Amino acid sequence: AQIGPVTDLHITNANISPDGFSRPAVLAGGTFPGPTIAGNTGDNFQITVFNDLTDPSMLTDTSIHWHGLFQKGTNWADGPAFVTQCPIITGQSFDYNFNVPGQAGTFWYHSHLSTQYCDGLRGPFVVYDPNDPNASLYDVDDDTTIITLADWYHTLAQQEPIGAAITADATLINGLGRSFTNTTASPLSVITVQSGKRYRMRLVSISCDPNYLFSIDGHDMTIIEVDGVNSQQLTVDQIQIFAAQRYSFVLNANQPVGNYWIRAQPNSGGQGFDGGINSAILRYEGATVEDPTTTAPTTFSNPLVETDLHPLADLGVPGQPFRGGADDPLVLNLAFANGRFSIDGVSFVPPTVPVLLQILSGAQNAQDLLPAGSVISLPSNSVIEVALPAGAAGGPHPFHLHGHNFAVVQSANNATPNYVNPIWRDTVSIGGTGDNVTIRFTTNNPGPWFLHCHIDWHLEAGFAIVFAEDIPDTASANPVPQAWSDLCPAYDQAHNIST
């Protein structure tokens, strides 16, 4: 069952064996992935998070981010540790009380402390639209049509060297899959469809690192949503999905009744499908209960290309139709050396006092904010452009902005910008050497918004900056509840920190 929009959510430690190998984890709702949190557009969500963690090897503090939800007027509820709050300590709870006006689509939630989400704290978050403009394109859209793609590690995250090329041990599809080494024939996930019906498959990357080449043997996929943004229909036979991205696609159950492989090939870790790695099963009602015998093509004739996507609504692009054609045009220098990432010459290391609390305590320019050099102010009611030229090791890097979605004016692997009708999204691959992926948005949401690579190992190694959007209006726009004001005193007392 789905939970929400008003619900408790307990965060616990438990052993799990999603690929046959037992290890302890950090779980929401007792499962991997966590339960789906759901509601309708404009609803009030109140997710009271109970931190019941006791195993220090995965951290006993926690904080949860609602990925892709704008949090307008509720910056304090966004979740990134030391940006919008101090962590919740064990044996305490915290009500994330916010609203979702003007958003409907496929999202997710995850820990936003250190690399803790890699240890298991990740689940789907779906905001349905009772008047969805795509409703007539499908028959079925429910918890059974969510497809999660996850990387899974046998080593605990706090034992992964900072700045290293860290590699997974299994791909999990809906929580199940097989290990790349010492492979055992552990259970595969099954997605069941009825011949003749059309399904809104909500594809969610909950990855900590790899991108996946996702396909379904014998089937194609008609994209209708990108990171929460309704799209024009785009039919593809393969989707390369980067960490934290989401797509809705229509699956037409129009092939013969049978069993078909579902494939998710990561860019690192195990290559291919030997022993049923990187796989799940699409089963038609009435099919024999047996593994598929289908094969992939040698090459995919209609892969997703990001410049082919266009919004369903007339969203346009803010600003003027040329590079630098914005009120505040930025170019970030994105680099890696010696195990650490940097942005504009500064490697991100979380501050002792969360950025939001520094601003509410009176610090009002970005040079007064800590970490020094890691906070850039943005002016209010302005068009912002951010060029993100690639080249830093460990690519392709999927960059994500909190508090906002953005027009993708220039995409990976294509030097031509689009000032007319590019897709809008919230996480974007910045591509390869010589690319100049560029995003635009308008500043109508006061507060500190994290910008970072969504390969969690890279964020841990410093690949982040904070956009302090409209510092002067942050306090009036974001009144804070007493329970939020209590978080840093409690956390600092528990950890013997002075501030």
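Rigid core (definition): largest C-alpha set, two forms, superposition within 1.5 Å. For every residue, the number given is its place in the sequence shown, counted from 1.
Of 102-110 and 158-166, the stretch whose C-alpha atoms sit farther from the shown form in 9 other deposited structures of this protein, after fitting on the rigid core, is 158-166. Annotation for 366-374 versus 351-359: the higher mean temperature factor (C-alpha) is found in 366-374. Across the two stretches, 79-87 and 158-166, the PDB entry reports the greater mean Cα temperature factor for 158-166. Reading the B-factor column for the CA atoms of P318, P266, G345, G177 in the entry, the top value corresponds to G345. The entry assigns its greatest Cα B factor, within the set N182, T148, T427, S207, to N182. Remark: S248 belongs to the lowest third of its chain, ranked by C-alpha B-factor as recorded. Split the chain's modelled residues into thirds by C-alpha temperature factor. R340 is in the highest one. The entry lists a Cα temperature factor for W108 that places it in the lowest third of the chain's modelled residues.
When the modelled residues of the chain are ordered by C-alpha B-factor, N444 sits in the highest third.
Looking at the C-alpha B-factors along this chain, the one for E385 belongs to the lowest third.
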